[PDB]
């Protein structure tokens with residue numbers, strides 16, 4: 001096995017409104033080992049009312065954070081994914097980003113930038129700037145690996161007037177893993 | 001063996017201009033299985049006159065369909081790639097896009113799309129940005145097929161990228177999707 | 001063995017100061033086999049005064065050229081990498097294909113991407129990267145050619161001071177040789 | 001059920017990232033925002049145990065609203081948060097002068113930031129044409145006007161316009177400097 | 001040791017690729033070294049100390065910010081180099097209308113459109129070319145570029161109501177690869193009334 005799943009069509013497991021106590025958005029995140037790197041797949045689907053009424057605004061920054069431990073499981077008390085990451089065919093430290101090439105500490109060799117697109121309901125296409133930040137920080141003492149995701153959007157015209165569902169284009173990226 | 005080929009530089013197999021039986025373009029399509037996903041590699045090359053005279057305009061769109069079958073081969077009667085795909089060291093059910101993550105709908109739906117950007121280097125060295133809209137299943141042509149994978153290259157430029165005829169070669173586009181076990 | 005490293009965090013092994021004999025800039029280049037293709041990871045960090053003071057200017061074109069021989073060991077005399085790649089534990093399979101990217105117009109030897117530069121206060125400047133595969137020949141003993149070109153034109157300067165030239169990790173995928 | 005003060009104040013940066021500390025109100029107490037005067041976006045999230053107002057996943061804009069007055073109950077009071085403007089909104093220019101130290105032209109511009117501050121003042125540089133040394137600049141701050149004055153008595157030139165301070169981290173690496181021409185006549 | 005000339009006049013083009021050959025200076029074992037440039041703060045040129053060649057380097061050039069360079073070299077066991085930057089086409093001509101015609105007038109002037117192109121004055125990269133968009137279908141107006149101060153003067157053809165139209169701007173020579181696929185044609189219109 002070399003695939004850290006989340007689910008091909010998972011239920012609600014991620015919170016976006018910071019302060020809720022029931023999960024309200026689905027997050028699809030697939031990591032695969034490939035030689036000396038890890039390839040990634042990540043998308044986010046809003047499955048509530050407030051997240052679906054996010055893109056009536058013109059400047060929106062969506063943050064999703066993940067805090068693994070030394071073994072490599074999500075601590076759901078302090079993370080932002082409220083469901084553990086499971087394998088496919090069966091210790092899961094092999095999919096986590098390296099603390100040799102992205103050390104803890106300025107020091108902007110940690111970030112990985114990129115883009116996705118939001119397909120609006122009136123046929124419009126808007127670009128979302130994705131910032132994937134690696135380790136960079138320690139929120140706790142028991143936290144051993146950090147991986148955060150950010151979807152930034154600034155637009156002149158407003159993207160949506162009525163509420164539609166929130167759906168982003170998939171994102172693909174690669175990072176150096178811990179052995 | 002985990003590579004669905006088309007050829008590193010094959011002959012003319014794809015067809016644009018629906019209403020024609022001559023294969024008028026070349027299409028390198030490589031789908032590599034990797035863990036629980038499939039990585040890809042798409043390159044469209046011009047191989048006739050009609051594909052090469054497309055970029056004398058400015059708002060153009062090049063469409064390619066791939067309608068698979070129930071077991072993982074390409075139906076040539078309905079798709080636009082009239083040449084079956086092969087392995088590297090010769091059933092291809094493993095390389096098909098997943099129906100539990102990209103499900104079939106019937107009346108909008110926008111969770112089974114892939115967006116990307118490639119570039120067209122013109123005859124004098126000017127990069128033009130083309131948009132790629134890789135659409136997975138989303139629809140069904142008829143009852144024979146079981147999976148749908150379409151590609152689409154759009155360009156809305158400001159001026160004409162060419163005036164004479166040159167070989168329309170696009171930059172290689174890379175993408176990834178979830179496969180059907 | 002399916003990885004051509006550079007080290008996870010190396011010392012300086014490239015030369016951008018045009019006319020120096022010692023290396024002055026580090027770059028991480030990782031190539032991995034994956035079926036019929038090879039995935040690639042590349043980033044470039046400056047390590048001297050001239051490389052760090054490149055981005056006080058508007059237009060900057062950084063050029064890194066690699067010339068693999070018949071086997072695949074990098075010639076450290078005519079390339080820009082002054083230190084060859086190593087395996088994780090020959091190296092013909094990681095080199096690009098010749099029946100897909102042939103030598104000599106012929107605009108099929110290119111892969112165009114995009115990366116970013118985080119500025120001194122941080123402003124996300126877009127660098128346009130161009131990976132030219134083989135297309136050329138220095139002499140009759142190099143067999144494979146790769147070239148990365150990091151181009152930047154900008155409205156204003158990225159930074160008015162010297163900080164560090166750290167570019168974003170760029171990812172690509174090419175057809176490999178058997 | 002009892003507060004400590006009556007009128008709270010605070011300051012949050014314009015176009016800041018999510019989850020930043022705005023202010024820390026005080027009065028187990030479950031802090032409860034009940035109303036905003038601009039009410040349609042929820043821009044502020046109140047941590048219920050500690051009274052720390054945070055900026056949630058939707059970000060602000062000073063040019064739509066500069067003062068948020070929200071009423072909060074601690075189980076009544078006011079909260080009056082002001083927005084500090086950062087320098088987005090590149091200036092725009094709405095230009096002929098004839099001579100015979102006589103001032104030549106008057107250049108009127110239009111910014112969009114806080115009026116009076118150093119993110120509003122148009123600072124005028126030189127682009128192509130003052131190598132003869134003919135024009136010295138002056139930024140009339142009280143009405144934001146680009147006065148020029150003669151240097152060497154006796155041709156056209158151009159001006160690149162920017163703000164007084166440096167731009168924000170978002171609008172930089174998009175600002176393309178476009179030169180603007182001035183035609184000077186001589187008798 | 002000694003040199004063979006005193007003014008090695010050569011040239012290179014604006015916005016060129018890195019490590020193009022500017023010129024090859026010469027002297028009658030020798031080693032070459034630049035001792036001064038005219039601008040001290042941008043290092044733009046590189047002196048090949050083996051064969052006496054001038055290359056451009058990883059930071060490329062712009063003619064509009066500094067037009068001509070003068071730089072002094074000196075060889076060991078001085079002389080001046082005078083490099084003029086050849087201008088290539090770049091940034092789009094920008095446009096800043098009304099006019100009046102009369103009954104059955106032939107070849108009369110309506111407007112003289114001004115245009116500020118930031119390129120080299122006199123060459124083919126500053127001379128604007130004005131093409132029509134919509135309104136000159138039936139053979140109404142003709143356009144010429146007066147090359148004294150780059151004026152897109154229009155004139156009548158036939159003998160003639162609110163027949164307004166629009167013009168599209170371009171240079172006389174075609175654009176570079178670094179500015180094309182960003183040039184979007186914005187036709188700024190022209191209003192004209194008959195009397």
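Here the Cβ is made from the backbone with ideal geometry for all residues, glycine too, and neighbour counts use every protein chain on show. Readers should treat all values here as calculations from the given coordinates under stated rules, not as data from a laboratory.
Placing dummy labels 7 Å off each Cα toward the beta-carbon, the span from residue E:131 to residue D:103 is 4.6 nm.
Rounded is the label for the protein assembly as shown, because the ratio a/c of its alpha-carbon gyration tensor axes (a ≥ b ≥ c) stays below 1.5.
Summed over qualifying helices (DSSP H, 4 residues or more, each -39500 (n - 2.57)) and divided by its residue number, chain B shows a 222 nm mean residue ellipticity of -500 deg cm²/dmol.
Exposure proxy shown here: for A:14, C:115, the number of other Cβ atoms within 10 Å sets the order, fewest to most, as C:115, A:14. Sorting C:45, E:23 from the fewest to the most surrounding beta carbons within 10 angstrom yields E:23, C:45.
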